[PDB]
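Below sits a lone chain in structure tokens, taken as the form deposited in one PDB entry.
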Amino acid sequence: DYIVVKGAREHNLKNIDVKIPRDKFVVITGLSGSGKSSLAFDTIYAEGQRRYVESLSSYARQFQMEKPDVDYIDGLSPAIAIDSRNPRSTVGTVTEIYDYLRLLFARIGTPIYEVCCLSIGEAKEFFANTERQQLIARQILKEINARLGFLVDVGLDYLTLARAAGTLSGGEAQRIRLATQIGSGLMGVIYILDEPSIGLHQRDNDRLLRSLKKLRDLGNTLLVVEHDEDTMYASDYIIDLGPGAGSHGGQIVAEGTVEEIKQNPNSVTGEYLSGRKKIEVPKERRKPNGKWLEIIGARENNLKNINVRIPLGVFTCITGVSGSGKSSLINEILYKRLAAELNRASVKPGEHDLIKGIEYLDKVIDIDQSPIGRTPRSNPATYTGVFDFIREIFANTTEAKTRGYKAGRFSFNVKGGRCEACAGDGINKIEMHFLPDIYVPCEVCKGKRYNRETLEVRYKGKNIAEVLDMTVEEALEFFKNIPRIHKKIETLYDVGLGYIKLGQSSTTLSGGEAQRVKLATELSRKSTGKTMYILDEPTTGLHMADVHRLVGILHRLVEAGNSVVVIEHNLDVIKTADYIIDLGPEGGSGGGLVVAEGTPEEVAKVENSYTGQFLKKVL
């Protein structure tokens, strides 16, 4: 009737104990980097999967989850966790249809293109329209029909089998994954969903919530990690972590029904839910000053030759259902054209007639939708580009000049100035042939990543390792005088990473922390007073407080005289905009035209847009 976890100390958990009810819809909420993903994925899912698969084949197991740093878990059950630009990965590989087709052509084929090029619906119709062949391929046909039906019911029936999954839209891919993993008709299995509401419109989120409720009604336990109010308002239990983030959080703050979290004063999530902390709605929207940017005849992806006008110098939001061509309209055409015109980028734009008003701008800055790449040779200091300035600082010291050390001698990724015993990693690489790997600190350099000769050179009494092993808040005061490093550190501090260290490995970063690192890196660049900001889904993996910080900095940038366009599905960002362009009304071939356009109130008055009705309800 419960899952009792005792002595949970994985990552940043401060030896906490929880009692997660069974056969219930329970969410895990908190700040970015607070401990939700650790507590759920790295402990409960890991223990359940390991315990189940330990009673299985050893070779198959080698081809499981590592043991968490926990004392004991009671009431555990087998766990399934739903939770890349790869050219060699298409719809057929993900849905396994391509494997079935290859096997069928190898077995009963008579010595392909018409099936791969055909859509899901066309292929299903063709399949539905000597008995030895049927006897041989009865199971293949049954599996093909089941997979096609699941994909059609997932809301992505317009896709083609030969299309690459790297270019696949977030909503369609997420729906396909949910249909594949949820459709098993099992009972007594704990399901863990790590942020299952990314790249999904409100209607898609509602359909996913209905599907999850149906799955839970079978007699399962739903443990989802969510940041959206819609998900947390449709659950019977909430486990709130915190009270802060990073080393300042990792313990349970509040627990219970959403009303209990609302009444709880120690929970930031409850305060943001009730309304004690809220994003202020602008009383007076910024009216356009006559400066407009027009694109005529969009013909990229599912574009139906539409005309849209985006004002310059105001807050602009792009809305619509998943697959409605928001990215195709904004990124692939506008960003590429602006980059080619201004930054002299050698990139080919999308299919369009022409764009007016380009001369009104002077610079373009963009944040795409792809996540960042994780590597142990990177940290926030290297990612944001401030590490080069810090290395120049350390090479500008009198000791560095006297000893001849160059600017590249203070980096662990370049030989000649790093601990050669650990190859600059800082820890050894002891690995197990058939067991999860372990981390052992390197005793030659004691984890400082630099040898004695490098650490001898000190700037203001601190060597490179000390400044790498200290947080952004301290670096704000340490580098106050010098303007460039101060600006970069101030951007990192304002984006919300005032607790993280400058040398934390990116592989250990959370999704929200990496997202905020990317946002700070892109927004730390110089603005000339007339700049075009194109943000594509910036509030992903971000709590409402981080969303508030991002909205504040974006509005400060807008007030500085620049223009901002945000492709966001979040109502908090949408309600603060001054001009909303809506696309749709359906994903795929069913949409690609402007359902509505205007100020948020005008779009809300529109009775056709789903976003219009959602905005009317919100306002």
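Residues carry their position along the shown sequence, with the first being 1. Note that the rigid core is defined as the largest set of C-alphas that superpose within 1.5 Å between two forms.
In the deposited entry, the stretch joining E392 to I393 is continuous, with no residue of the deposited sequence left without coordinates. The modelled chain breaks after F63 and resumes at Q64, leaving 1 to 3 residues of the deposited sequence without coordinates.
Form deposited in another entry: not shown, discussed below.
For the residues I427, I358, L118, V444, superposed on the rigid core between this form and the one not shown, a C-alpha shift of 2 angstroms or more shows up only at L118. Here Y98 counts as shifted, since its C-alpha moves by at least 2 Å between this form and the one not shown after the core is aligned. Once the rigid core is overlaid between this form and the one not shown, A560 does not reach a Cα shift of 2 Å, moving by less than that. With the core held fixed, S89 shows a CA shift of 2 Å or greater between this form and the one not shown.
Distance between the C-alpha atoms of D153 and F25: shorter by at least 3 Å in the other form than in the displayed form.
Whereas the displayed form keeps them at a certain spacing, the CA atoms of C117 and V347 lie at least 3 angstroms farther apart in the other form.
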